[PDB]
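Take a look at this single chain in structure tokens; it is the form deposited in one PDB entry.
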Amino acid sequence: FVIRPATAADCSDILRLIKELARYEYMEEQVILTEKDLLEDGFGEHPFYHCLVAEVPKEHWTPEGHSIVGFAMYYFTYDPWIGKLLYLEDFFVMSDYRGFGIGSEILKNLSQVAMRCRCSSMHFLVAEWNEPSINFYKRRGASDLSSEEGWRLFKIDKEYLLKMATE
């Protein structure tokens, strides 16, 4: 397999993989982003995310005829105390393609991106019940991040943003 940066032509596959992950989490209907959205947000003049994809040889394409079997979606964030961070948002390899080393190589590639960008750390969320991914990550040096303990996450949605923008 090959791990490489996605191109505008991979948007179809990125959305397909985003939906497979959402389905793995039983929330596929949550995905309202379109292929056009991904193209615009990812390969327009200012990318709001970056993506690496895992591509297999044609001989081994999926039953559906797709060459992309995994991906990682990330973007850079900033911490006022320490600086640049690489934030890994989505990370998924199709069932039939797991345990082959694809996820490990994607993480190695992300690590190189982090060092090239001089990020001091890579941050990400893992579901509490997912011991297999927790072990995967921790075997590669991850540790718990307590930074948000004692803090509540809030959102101000479009309706209210528009109200404030025009008050």
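Between two forms, the rigid core is the largest collection of C-alphas that superpose within 1.5 Å. Numbering starts at 1 and follows the sequence shown. Shifts are known only where both forms have a C-alpha.
Between 86-94 and 67-75, the higher mean Cα B-factor belongs to 67-75.
Comparing 30-38 with 101-109, the stretch with the higher mean C-alpha B-factor in the PDB entry is 30-38. By the numbers in the PDB entry, the CA B factor is greatest at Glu149 among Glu149, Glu20, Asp13, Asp157.
Between the residues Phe124, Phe43, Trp129, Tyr137, it is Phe43 that shows the highest Cα B-factor in the PDB record. Among the modelled residues of its chain, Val2 has a C-alpha B-factor that falls in the highest third according to the deposited record.
The following text describes the form deposited in another entry, which does not appear among the structures shown.
The residue among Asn130, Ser104, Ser120, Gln112 whose Cα moves by 2 angstroms or more between the shown form and the other one, once the core is superposed, is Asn130.
For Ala9, a C-alpha deviation below 2 angstroms is recorded between the shown form and the other one after rigid-core alignment. Residue displacement note: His60 has its CA displaced by under 2 Å between the shown form and the other one (rigid core superposed).
Taking 2 Å as the criterion, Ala142 counts as shifted between the shown form and the other one: its C-alpha moves by at least this amount when the rigid core is aligned. A shift of at least 3 angstroms brings the Cα atoms of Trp151 and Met122 nearer to each other in that other deposited form than in the displayed structure. Core-superposed difference between the shown form and the other one: one segment of three or more residues with every CA shifted 2 Å or more, namely 126-167.
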